[PDB]
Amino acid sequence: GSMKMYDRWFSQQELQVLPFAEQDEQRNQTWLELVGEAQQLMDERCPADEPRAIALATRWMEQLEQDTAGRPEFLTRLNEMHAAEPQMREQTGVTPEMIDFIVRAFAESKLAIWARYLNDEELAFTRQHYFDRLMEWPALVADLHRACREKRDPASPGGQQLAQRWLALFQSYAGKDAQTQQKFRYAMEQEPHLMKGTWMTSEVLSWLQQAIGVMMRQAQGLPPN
């Protein structure tokens, strides 16, 4: 995309940190392929749950996580840009239907893994509700970055507020039965792909796991650590 377009969707200081502002020929070439491979899979009407769609969507997320600099605020902005910018199709070829295809295929990549850990009843619930709150995660993760940046205490009311927001999003697709929720923790301990495309750093994750440990700590029974 042209520089005039990022210039109206990002403040000046934001452009100092956004890799898309950099004129990199290899990044430009990568995105041409990614956008071209998506457009071809769409032209073929490729199902979202097929390996080609899964492999492409995984490549998209990795490239977005790098080219937003792991800043969820910038993913959020790019999402707003694609759906509202008049010159999105012309300057990038990216359309809302393409972004919906990549997002659904990336979801399929994880449902594909969860299918091996959840029974069909649990799995039907997740596939049913996966998209209900999906778009609310970027703003939460950004607050997790901000709360970790500002050295907030995971046990403070402010921090326990964030662990509540997380539990809301988590339970939205995982359910409310502890037996089912722990199949999810097991999968995440065994499946590196379940953590991809979450704009989480080791540090932010370490902060959230503390905040969730305080929230879920039981008076008796093995504590967390």
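Heads up: residue numbers just count along the shown sequence, starting at 1.
**Q** Of the two stretches 190 to 198 and 152 to 160, which shows the higher Cα B-factor on average in the entry?
**A** Averaging CA B-factors over each stretch, the winner is 152 to 160.
**Q** Could you check which stretch, 88 to 96 or 72 to 80, carries the larger mean CA temperature factor in the entry?
**A** Taking the mean C-alpha B-factor of 88 to 96 and of 72 to 80, the larger value falls to 88 to 96.
**Q** Taking only the Cα B-factors deposited for this chain, tell me whether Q179 sits in the lowest, middle or highest third.
**A** Within its chain, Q179 is a highest-third residue by C-alpha B-factor, going by the deposited values.
**Q** Looking at the C-alpha B-factor of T30, is it in the lowest, middle or highest third of its chain?
**A** Ranked within chain, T30 CA B lands in the highest tercile.
**Q** Is the Cα B-factor recorded for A142 in the lowest, middle or highest third of its chain?
**A** Middle third by C-alpha B-factor.
**Q** In terms of the chain's CA B-factor thirds, is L134 lowest, middle or highest?
**A** Highest third.
**Q** What third of the chain does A55 rank in for C-alpha temperature factor, lowest, middle or highest?
**A** Lowest third.
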